[PDB]
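The chain below stands alone, shown as structure tokens; this is the form deposited in one PDB entry.
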């Protein structure tokens, strides 16, 4: 089977861990426990191809902005997560993408934009800004909720599809 190293990146508290744990355990983590760095290996079937996903759940805390370089070189796909109710986390996406492009020295890195916490009545970033940002990067935009499980599989599986296309393309 084919391996895919996926990196989940974004500001602290956007729901990187809640999304990964929802994908892997079908459980919603309601408590906020700031991640240092966790990794999970999961076997899933995607479009009839058996995939071995090696998911890296990274630290959103800015004091861990030094571990980034190593995992950005090794990562094959990046799940760039922001929370739709946190404008700063949306602005932080540009910074994560610029860093990934510098480290990879490339314009096209397999990447998916994720708007998490879609279950909340208090969005500060409207869907139009999000769609336009992803459009400007040339990447899929997925709306998710780690609480309801909305778009969780779509987010990770779209990223795998982006990597697969990139490999077939290169």
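Positions refer to the first chain, counted from 1.
The same protein also has a form deposited with a partner chain bound, omitted here; what follows describes it.
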In the entry with it bound, residue 37 touching the partner chain (heavy atom, 4.5 Å): yes
Residue 67, heavy atom within 4.5 angstroms of the partner chain in the entry with it bound: yes
Close approach of residue 33 to the partner chain in the entry with it bound, 4.5 Å, heavy atom: yes
